[PDB]
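One structure below.
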Amino acid sequence: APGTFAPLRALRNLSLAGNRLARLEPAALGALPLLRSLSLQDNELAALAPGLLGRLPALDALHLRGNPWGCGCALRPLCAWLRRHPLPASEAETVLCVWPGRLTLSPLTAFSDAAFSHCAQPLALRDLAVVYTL
Amino acid sequence: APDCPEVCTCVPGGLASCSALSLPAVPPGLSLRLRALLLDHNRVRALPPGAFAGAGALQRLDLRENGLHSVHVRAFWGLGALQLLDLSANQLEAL
């Protein structure tokens with residue numbers, strides 16, 4: 001439920017491993033500026049909602065092993081964090097893609113921005129003029 | 001040694017046993033040096049895709065009496081050296 005962790009301002013460790021959480025929402029976890037680490041392993045988190053990462057300024061540790069990560073643009077807030085917060089090689093070998101067939105167990109740390117240049121870029125001002133005037 | 005799970009029991013030669021430990025999921029930190037893995041009599045109801053990643057050189061996998069009812073298509077990716085599978089005594093209704 002949203003706002004459940006809202007009165008818990010002084011959190012440092014919040015563990016949610018081995019659960020059946022389909023989706024984690026930024027409104028559910030709320031504002032946790034003092035939070036330093038999170039554990040979401042062995043869960044069914046397909047993707048993280050945009051803006052979830054923005055409410056955790058001091059977050060430095062993240063565990064994402066054993067999750068059905070669908071490696072598309074939906075994990076753009078996630079991978080950018082992993083670039084700035086490099087996981088250990090043992091952990092990096094366990095955080096993998098899951099989306100099936102052609103894509104499989106590809107490491108998330110190996111995906112760079114250029115490999116997803118087709119993803120939705122933020123609205124510019126030149127393109128904003130062109131789409132109106134075309 | 002780092003190649004052995006913290007909760008499981010390992011012997012030289014790559015043999016690891018994790019049974020009778022009430023594991024709710026696959027133990028983390030699999031290594032390439034383990035050749036035979038035991039996981040029976042646990043409570044691993046759901047098997048995440050790529051759960052057995054890292055132990056690509058494993059040869060025998062046991063999952064008997066572990067409450068299995070749904071297995072992902074890519075859960076066994078990269079287990080090309082795996083030879084023995086014991087999925088019996090579970091509740092798998094469809095593959």
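Just remember, in the structure tokens the first chain shown is A, the second B, etc., residues are 1-based per chain, and ligands are 1-based in the order shown.
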Quiz item: Could you pull out the strand (DSSP E or B) residues of segment 1-79 of chain B from DSSP and send them as number ranges by chain?
Solution: B: 9-11, 15-17, 36-38, 46-47, 60-62, 70-71
Long-range neighbours of residue 78 of chain B as a PDB file with N, CA and C atoms, in the first residue's frame, 10 Å cut-off, only C-alpha atoms, 4 positions minimum in chain:
```
ATOM      1  N   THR A 104      18.669 -13.317 -23.765  1.00  0.00           N
ATOM      2  CA  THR A 104      18.754 -14.289 -22.632  1.00  0.00           C
ATOM      3  C   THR A 104      19.955 -14.042 -21.707  1.00  0.00           C
ATOM      4  N   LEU A 105      19.718 -13.917 -20.396  1.00  0.00           N
ATOM      5  CA  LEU A 105      20.733 -13.773 -19.353  1.00  0.00           C
ATOM      6  C   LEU A 105      21.857 -12.819 -19.745  1.00  0.00           C
TER       7      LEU A 105
ATOM      8  N   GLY B  50      17.181 -18.173 -15.146  1.00  0.00           N
ATOM      9  CA  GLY B  50      18.609 -18.077 -14.897  1.00  0.00           C
ATOM     10  C   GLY B  50      18.980 -18.234 -13.442  1.00  0.00           C
ATOM     11  N   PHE B  52      20.165 -20.928 -11.877  1.00  0.00           N
ATOM     12  CA  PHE B  52      21.391 -21.703 -11.741  1.00  0.00           C
ATOM     13  C   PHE B  52      22.561 -21.084 -12.497  1.00  0.00           C
ATOM     14  N   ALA B  53      22.523 -19.775 -12.736  1.00  0.00           N
ATOM     15  CA  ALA B  53      23.597 -19.110 -13.459  1.00  0.00           C
ATOM     16  C   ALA B  53      24.884 -19.129 -12.646  1.00  0.00           C
ATOM     17  N   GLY B  54      26.013 -19.242 -13.347  1.00  0.00           N
ATOM     18  CA  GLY B  54      27.315 -19.323 -12.739  1.00  0.00           C
ATOM     19  C   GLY B  54      27.890 -20.726 -12.696  1.00  0.00           C
ATOM     20  N   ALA B  55      27.061 -21.726 -12.416  1.00  0.00           N
ATOM     21  CA  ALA B  55      27.511 -23.116 -12.353  1.00  0.00           C
ATOM     22  C   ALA B  55      27.281 -23.815 -13.692  1.00  0.00           C
ATOM     23  N   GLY B  56      27.907 -23.265 -14.736  1.00  0.00           N
ATOM     24  CA  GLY B  56      27.781 -23.841 -16.063  1.00  0.00           C
ATOM     25  C   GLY B  56      28.449 -25.191 -16.212  1.00  0.00           C
ATOM     26  N   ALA B  57      29.394 -25.515 -15.333  1.00  0.00           N
ATOM     27  CA  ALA B  57      30.091 -26.793 -15.361  1.00  0.00           C
ATOM     28  C   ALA B  57      29.428 -27.848 -14.484  1.00  0.00           C
ATOM     29  N   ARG B  74      13.751 -20.256 -19.408  1.00  0.00           N
ATOM     30  CA  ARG B  74      15.169 -19.927 -19.421  1.00  0.00           C
ATOM     31  C   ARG B  74      15.825 -20.116 -18.058  1.00  0.00           C
ATOM     32  N   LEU B  82      25.198 -29.965 -17.707  1.00  0.00           N
ATOM     33  CA  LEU B  82      24.327 -30.679 -16.783  1.00  0.00           C
ATOM     34  C   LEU B  82      23.840 -31.976 -17.418  1.00  0.00           C
TER      35      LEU B  82
END
```
Quiz item: Got a sec to pull out which chain B residues are within 10 Å of chain A, counting only C-alpha atoms, and send them as a PyMOL selection string?
Solution: chain B and resi 24-31+46-54+72-75+77-78
Practice problem: Do a neighbour search on residue 113 of chain A at 9 Å with only C-alpha atoms, toss out local chain neighbours closer than 2 positions, and write the hits as a ChimeraX atom specification. | Solution: /A:76,80,111,115-117
Written selection (N, CA and C atoms) as a PDB file, in the first residue's frame:
```pdb
ATOM      1  N   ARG A  76      15.624   1.888 -18.015  1.00  0.00           N
ATOM      2  CA  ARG A  76      16.555   3.004 -18.157  1.00  0.00           C
ATOM      3  C   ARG A  76      16.920   3.658 -16.828  1.00  0.00           C
ATOM      4  N   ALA A  80      21.210   2.999 -15.555  1.00  0.00           N
ATOM      5  CA  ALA A  80      21.987   4.210 -15.310  1.00  0.00           C
ATOM      6  C   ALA A  80      22.521   4.249 -13.885  1.00  0.00           C
ATOM      7  N   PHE A 111      25.090  -3.370 -20.897  1.00  0.00           N
ATOM      8  CA  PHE A 111      24.266  -2.558 -21.784  1.00  0.00           C
ATOM      9  C   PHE A 111      24.632  -1.090 -21.608  1.00  0.00           C
ATOM     10  N   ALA A 115      23.577   1.324 -27.203  1.00  0.00           N
ATOM     11  CA  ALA A 115      22.826   0.131 -27.577  1.00  0.00           C
ATOM     12  C   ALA A 115      21.321   0.339 -27.465  1.00  0.00           C
ATOM     13  N   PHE A 116      20.883   1.376 -26.756  1.00  0.00           N
ATOM     14  CA  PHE A 116      19.480   1.766 -26.681  1.00  0.00           C
ATOM     15  C   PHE A 116      19.286   3.210 -27.124  1.00  0.00           C
ATOM     16  N   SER A 117      19.918   3.578 -28.243  1.00  0.00           N
ATOM     17  CA  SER A 117      19.682   4.895 -28.822  1.00  0.00           C
ATOM     18  C   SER A 117      18.277   5.007 -29.397  1.00  0.00           C
TER      19      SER A 117
END
```
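Within chain A, DSSP run on the backbone puts these residues in alpha helix (DSSP H): residues 26, 27, 28, 29, 76, 77, 78, 79, 80, 81, 82, 83, 84, 89, 90, 91, 92, 126, 127, 128, 129, 130, 131, 132 and 133 of chain A.
Checking A:56, A:22, A:131, A:40 one by one against residue 9 of chain A, counting only C-alpha atoms, you find the shortest gap at A:56.
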